[PDB]
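Descriptive analysis of the structure
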Amino acid sequence: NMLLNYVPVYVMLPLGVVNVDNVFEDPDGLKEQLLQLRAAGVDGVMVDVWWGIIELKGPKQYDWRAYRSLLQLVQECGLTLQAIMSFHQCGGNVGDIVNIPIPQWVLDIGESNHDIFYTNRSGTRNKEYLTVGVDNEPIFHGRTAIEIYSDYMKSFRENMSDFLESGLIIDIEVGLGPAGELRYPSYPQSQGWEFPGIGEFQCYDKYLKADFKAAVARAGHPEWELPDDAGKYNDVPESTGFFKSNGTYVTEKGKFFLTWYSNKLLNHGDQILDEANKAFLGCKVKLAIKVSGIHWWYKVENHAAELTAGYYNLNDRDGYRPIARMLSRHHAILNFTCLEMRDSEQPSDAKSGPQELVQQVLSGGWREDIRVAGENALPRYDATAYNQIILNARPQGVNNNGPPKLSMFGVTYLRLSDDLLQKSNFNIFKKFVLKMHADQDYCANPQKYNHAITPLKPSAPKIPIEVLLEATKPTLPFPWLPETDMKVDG
Ligand SMILES: OC[C@H]1O[C@H](O[C@H]2[C@H](O)[C@@H](O)[C@@H](O)O[C@@H]2CO)[C@H](O)[C@@H](O)[C@@H]1O
Ligand SMILES: OC[C@H]1O[C@H](O[C@H]2[C@H](O)[C@@H](O)[C@@H](O)O[C@@H]2CO)[C@H](O)[C@@H](O)[C@@H]1O
């Protein structure tokens, strides 16, 4: 049956649907929009559950009222929900039309200890997320950053138990960094970064610096220092000593640093996911993390932008599969956030390979046998974008004799806006949804298309870093069709 080729479609809700004062502003307005989505066949929606709004008053001072009202409305409208545990700030990244800081009480601590923030070589502190450096530092009124994230998720589970039991929530996206993605904030618009700048390493806070220094001493090179020749945000790789041909990134020192730098993220995600699994143990939901799509400089040997973001990916070292393997012990979904771009849409001097990057990441996931999902990075309403998303959702097309050998677990569209509901735009969107569903009508019961959700099981045993890094071995991607067999047209 064709229904087995069905890929669910989700739509992100507007940023700030519940304001910074913890008020669900316009229920009636959202309702009309939600009803529009329901009639269009959309399976569900995605929303940020902002840590800065909910635990604003103080440690463990949670107020879930506004969000309960939102979830209630989503349920009445017949849609499922992907809830994001948003432990980051809204405001400094692309598309952020509203400012939502992390808890003020945490910010207060940052006033006396600026090292709780990601810091660049020049000393600028980025306040959008707590540095992985303090994950296990008990400096937040007795709690460590990970304990804060853990308590938050447990309180969410307990206070939203009725919604979880009714099966409203499809998956829990655990924010792991800027924009909720597992990465370092290497390309901060707030600091003047501009596409396609290579970005900057963000390992200069006192905690990471101390860890690095101890690490190199144990490796037998206590004299090694953090990179000092990687240039600045808007540089080009060839103009730096670190990323140029035969540069520092290829030396024993550079390789050690890069491994250390990227390993911190793997451990960051792995440990917080352990907490997320405990908090939702037994609940009928799945866990997911977000991986940023850094396609610029992907076509040159140095992969500069990826390296500064924490993805140690080169042509002879897969920096993404290790993440997928890490996710398998948690039975988690890898949500890749850049799925709609084509190489020809990027200026040529940016050396962008979004299409090749996608193929590498998705293949890695299916290779490791984990579920892969995705989102479009930028607002798009044209058929070319939709056709590209549909192509990546089912790389080898539909199978009339059963399930496709390869398919994504789901796609979340960014974002719900009045522009989307405009007659013509919404018309095309409806076709996109239809094709994602493989020409089948909306299907209410996920079990029909082999997406039944069972109670979350405890994570499998910890996988040692060495076994994880074995996944760096380059593999050939699965074959992609040149264009989808389920085009939207027009
Ligand atoms: O982390 C947010 C967002 O960053 C990237 O989006 C890029 C985009 O690819 C470029 O074309 C350009 O417009 O700059 C954007 C960043 O400001 C990632 O591609 C995306 O996955 C991620 O969510
Ligand atoms: O509301 C979700 C998320 O949206 C924005 O970040 C996006 C980014 O704009 C896109 O590139 C995308 O597909 O991935 C990111 C995460 O989904 C906001 O900047 C972020 O704060 C918010 O959590």
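Residues numbered from 1 in each chain as written, not as in the entry; some residues may be left out. Chains lettered and ligands numbered in written order. Heavy atoms only, no water.

Structure determination for this entry, per the PDB record, employed X-ray crystallography and reached 1.86 Å resolution.

1. As for the packing of aromatic side chains
With the rule as written, the count across this model stands at 38 aromatic pairs. Residues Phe242 and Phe243 carry aromatic rings whose centres are separated by 4.8 Å and whose planes lie at 80° to one another, so their mutual orientation is edge-to-face. Taking the relative accessible area as the measure of exposure, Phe242 reaches 1% and is therefore buried. On the basis of relative accessible area, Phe243 is assigned to the buried category, the value being 2%. (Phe/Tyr/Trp six-rings, centres within 6.5 Å; stacked < 30°, edge-to-face > 60°. Buried < 20%, exposed > 50% of the residue type's maximum accessible area, 1.4 Å probe, protein only.)

2. Here we look at the site of ligand 2
The full set close to ligand 2 counts 18 residues, and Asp48, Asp96, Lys290, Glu375 and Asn376 are the nearest of them. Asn376 places a polar main-chain atom, nitrogen or oxygen, 2.8 Å from an oxygen atom of ligand 2. Between ligand 2 and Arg415, the relevant distance is 2.9 Å, taken from an oxygen atom to a side-chain nitrogen or oxygen of the residue. Bound to the protein, ligand 2 loses 94% of the 480 Å² it would expose on its own. Of the residues belonging to the shell around ligand 2, the class tally is 8 nonpolar, 4 polar and 6 charged. (Near = heavy atom within 4 Å. Polar contact = N/O pair within 3.5 Å; in protein donor to acceptor, adjacent residues only side chain to side chain. Areas by Shrake-Rupley, 256 points an atom, 1.4 Å probe, with all protein chains shown as cover. Nonpolar A, V, L, I, M, F, W, Y, C, P; charged D, E, K, R; others polar.)

3. Points about the site of ligand 1
Among the 15 residues in the neighbourhood of ligand 1, the closest are listed as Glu181, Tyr187, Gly293, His295 and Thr337. The contact in question runs from an oxygen atom of ligand 1 to an N or O atom on the side chain of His295, over 2.6 Å. Contact between ligand 1 and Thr337: an oxygen atom at 2.7 Å from a side-chain N or O atom of the residue.

4. What about the pairing of strand 3 (residues 80-86)?
Here strand 3 lies mainly inside the structure; 6 of its 7 residues are buried. The pairing of strand 2 (residues 44-50) with strand 3 spans 7 bridges and is parallel. Paired with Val45 across the strands is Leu81, a residue of strand 3. With 5 bridges joining them, strand 3 and strand 6 (residues 169-174) adopt parallel strand pairing. (Helix = DSSP H or I, 4+ residues; strand = E, 2+ residues; numbered from the N terminus. Pairing = 2+ DSSP bridges.)

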